[PDB]
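First, one chain by itself: the form deposited in one PDB entry, in structure tokens.
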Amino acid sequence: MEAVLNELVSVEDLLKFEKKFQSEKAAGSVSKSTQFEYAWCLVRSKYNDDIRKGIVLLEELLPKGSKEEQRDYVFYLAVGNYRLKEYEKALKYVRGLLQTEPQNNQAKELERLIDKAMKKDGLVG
């Protein structure tokens, strides 16, 4: 149902969401949607420092979310950590999601990708 793109977010879109984030942060109150949307762009970036910034923003969002939103935040924290080969963190997040949502086919596939990436690197966990 999809094609494999290499550039998942343009520099212009990353900057648009960065600008709104920094506007709100300087004005004192940041919308959850503004912070999440920026983080969501960051975690799709090609660059490691972007993905790390997105993980930071998602961890800050976690205590502000409804239980449904927290599940989405934890999923994207698993994705970002996976891409950075922060395997222990990626497993912690996705396995926590899989006990609170054992039917989640997306979480199960992400766990399989993490497992394969760890075995490729010769690691256990």
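Superpose the two forms; the largest set of C-alphas matching within 1.5 Å is the rigid core. So that there is no doubt, residue numbering starts at 1 and follows the sequence shown.
Averaged over Cα atoms, the B-factor as recorded in the entry is higher for 102-110 than for the other of 7-15 and 102-110. Higher mean CA B-factor, judged across 111-119 and 19-27 from the recorded values: 19-27. Per the PDB record, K67 has a higher Cα B-factor than any other of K53, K67, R83, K89. The residue among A39, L97, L61, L77 whose C-alpha atom has the highest B-factor in the PDB entry is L97.
In what follows, reference is made to the form deposited in another entry, a form of this protein that is not presented.
Core-aligned CA deviation for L113 between this form and the one not shown: less than 2 Å.
With a cut-off of 2 Å and the rigid core superposed, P63 has a Cα displacement that falls short of the cut-off between this form and the one not shown.
Relative to the shown form, the Cα atoms of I114 and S10 move together by 3 Å or more in the other entry. Panel note: the distance between the CA atoms of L57 and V9 is larger in the other entry than in this form, the difference being 3 Å or more.
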